[PDB]
Structure formats: C-alpha cells, structure tokens
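In the block that follows, a single chain appears as structure tokens, in the form deposited in one PDB entry.
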C-alpha cells in the first residue's frame, strides 16, 4: 500500500498517459493501456497455468517487446523472469535451465532452434516445463500470442511484495542475480536523475537484455517515466539508423564500432539524427547527433568513470554523484552505502585496498539457488562484491579489479589487481597483467607482463622502483616481461590461462 511495484507503474501509466506510445517492435506498437491490457491477459494465462508467487519464467531469445510484457506480467503475480543468454551453447543452456528450473520457457526459433532442440533432448525426462515459442505464427497453440490471447482483461490485483525478485540475470561458473521490483525502480529512478530522462525520452533498445546495461541506460528509466521503448532484435547499422529517424529516438545503446558504421552510412544522406543524445564517444558522431549534456555524460560517468555490477543493479557508483573525484569511480548514488573492508571484515584506512562492500536499495536479493555462496557473500550484513577498491582522501572511490585473482607468497595474500593498477599509473604503460610464478621456498613470486605505449621506453627496473613508493614491498614484481599486447579470449577478455602458460605461471592458492 505504501510500496510501488512494476505492476503499479503500468497501472498508473495507463491512466495518466492514455494516448502515449509505450513500446515499438517492428510493426507492433502499444500505448500504455494496450500494453497494460496485454500484460493482464498474459498474467491471467500465467495464473491459470499455475504460475504464482516465487514461480519462474525463462526467456531464451534476442531482445523483444515481449520481454517487457513478461517482466510486468510476472511482476503482477510476484513471479520472476530470467532473461537468458541467447547465444548459450547446449551445455550452458542446459545448466541454466536445470539451475533456474523454470515452470515456463519462452523461446525463440529464429537463429537458435537447433540449440534449443539439442538442449531439450539433453534434458530428456527432466524437460517438464511448458515451452512457448515467442516468434511463432500468431495462432500457434504452442505460441506466446495464443497463450496470451486466452487470458482475460482483468488486472490480477494482488498485493505483491516489491522485495520479491522479478528479473534474474546470469553473471560470470554462472550465477543468477535476483533483482527485485525495488531494485529496478531505485536503479531507474537514479538513472532518470543521471540522464535527465522523462516522458519524451524515446530509447532504442540496442543493448542485450541479458545484461543489466540496457535496462539501466535506459530501458527501465524510460518505462518508469512513461517514455517510449523501441526494440531491435539485432544491431545492423542501416536498420538502427532508420529506426533512429523514424522513431525520433533521443537515446540508444550504441558502442563506438557501431557508431562509426552508422556515421559512415549516413554521411551526406541528409537523414537527421540530431535528436539522438550521444552519451558514448560523442566526438565520433561528427556533429550528426547532439552531444548529451546530462550529468551522466558531463561527469565522465558515460565514458566509464564509475563502478558497478549486476548485483548492485548496475553502475551504482559514478563521478556524477558528488562532484570532482580523485578516484576513478566517483561516489555512491543515493540509496547505496559503500565500505571498503579488509579480510577480517574491518573497514580499511584511506589508501588501503580491500573488498568493495555495499548496503542499500540497489543491492540485489542474492543469487538464485546458491544458499552457501549467499550466506558467505552477505556476511555481517554487507553485500561483498568480490571487487577490490580503495577510498581516496577526498572521499571518492577507486575500483582496482577483482579479488578473485590472488597470489599467496609465503604468509602474504597479494591481489594482482592492486599491483596492475599501480603499474598502469606509469605514463609509459598502456596495460599490465600480474601473475604468480612458482617459488619452491614460498609457493609464489610476483611477475608483471607489461604492454608499453608505442612511443615510450622504460626498463624492468624502473617499473619495480615505480612500485616502491606506494605498494608494499612484498607486492612488487620480482620480474617484468614486456609484450606487444596481452593475450585475450575470443570474447576479448584478458586471457590469464594463456599468460600462465607463456610466462611460467603457477603455484596459486
């Protein structure tokens, strides 16, 4: 009664914004009343099929307007939706289905049908969920639309606890982070402030919904403020350009490579993209889009000056909160308190690296089906991020890296990320990776693999002496190797296993 849920957002919008367009996806266009009507029918069918409080629905597909519908329908029943990774190969898909154990699976035939069939065959006699094909013929009795059309118009009208999860997002051993109605609304509210979002926002949903990013910037704040969410299935520069114009989009999730592709296509065509408020790499648009002047962009937050993770409902610490910041992440937004805690659970001094810990409204509810990990990661009433950081003297925060990589050299635990960050402050260094190499007396020594800027020179020694004045002696590398670039995985992440193989790594705890 004194607590807003996602259901409450739609019920209010259908009354306050009867004529406004809420969702667009290909030829589908829905006003707030039309969306809320569909949500009600869908919730009606879900309830008749036995879905209620705590029940679970998995989405296996690319972006679609139906993801918003399911989140809201589920939300009106106190159920939850996992937006799964559509690229999962059969082993990972099987693992996610077995872990999350959905009562219903809404799947996409286009692009992934072979993987889906293989996975269902792999599940064998454990495949007991209902499966609804979302991109079906509209009359397909095993399809989403026919399931929805059999529902009635009445609102279920249940008292749903807003702390109950509604969106589940898998994060990398994969774990499902449980985001409540409260988490999402606090995130969206904070984001509306950051980005100056309102009912005139028109956001192109070109980021993956299996990640928190697209929801934060700006799927959910647009929904909260009654603006227009335009969906695209894949990112094809020509199609994106046409949607930016035809839907008069003010915001979109567009990374630099896609930006440059769009810009090249649009050069000298006269198609007008000036309504778009570019947050990422504004300069690359070459004046074709307007540079965003919201706090999000002006502060540097949009260029990466912040810290977050799914479990904090996204990018929850930024340089937009609280002014100039010495630390690379800025400060926590409202509804978040952050402490840097040492190994004993005590608060670190200024300058000292420790684990970033959090309390507040954007902290998730835990992982799905991880009782032990949850008990441990919430110990002493703080959420433990497994990310390493420090407070600066001005009060702001620096994010250093993960705590999940660790060296143990004799008695001492050493966090590579701390040493990496230290070496990366040298102006001659582009990037550094730190590994441990065996030492028969005390398990490990520290080794750095360093990638220099092309126009700079430093030696093994200058980089060791560079470490002396701000990291503890026992953390300095015993040797430095120089490389043209770091090895990376097919996904473009640092390849630590390949580092260990090339440079003699081992002896880890």
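Residue numbers count along the first chain shown, from 1. Only residues modelled in both forms are compared. We call the rigid core whatever largest set of C-alpha positions still superposes within 1.5 Å between the two forms.
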How about residue 63: is it missing in a third or more of the other compared entries? no
When the other structures of this protein are compared, and only where the residues around it are present, is residue 470 absent from a third or more of them? no
Enter the number of deposited residues without atomic coordinates between residue 344 and residue 345, binned as none, 1 to 3, 4 to 9, or 10 or more. none
Between 454-462 and 40-48, point out the one with the higher average CA B-factor as the PDB entry records it. 454-462
Give the stretch, out of 65-73 and 443-451, with the larger mean C-alpha temperature factor in the deposited entry. 443-451
Which one of 283, 228, 331, 98 shows the biggest C-alpha B-factor in the PDB entry? 283
I'd like to know which of 410, 316, 434, 204 has the highest C-alpha temperature factor in the PDB entry. 410
Lowest, middle or highest third of the chain for the C-alpha temperature factor of residue 22? lowest
Pull the Cα B-factor of residue 163 out of the PDB entry and bin it into the chain's lowest, middle or highest third. middle
Third of the chain's Cα B-factor distribution that residue 221 belongs to, per the entry: lowest
B-factor third for the C-alpha atom of residue 469 within its chain: highest
Would the CA B-factor of residue 377 place it in the lowest, middle or highest third of its chain? middle
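Below: the form deposited in another entry, not depicted.
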Would you indicate which listed residue, out of 247, 99, 355, 431, moves its Cα by 2 Å or more between this form and the one not shown relative to the superposed core? 431
Between the shown chain and the other structure, the Cα gap of residue 414 to residue 309 differs by 3 Å or more. Is it closer or farther in the other form? closer
Given that the shift is 3 Å or more, do the Cα atoms of residue 329 and residue 412 end up closer or farther apart in the other form than in this form? closer
Return the sequence-ordered list of stretches, each of 3 or more consecutive shared residues, in which all C-alpha shifts are 2 angstroms or more between this form and the one not shown following rigid core superposition. 404-509
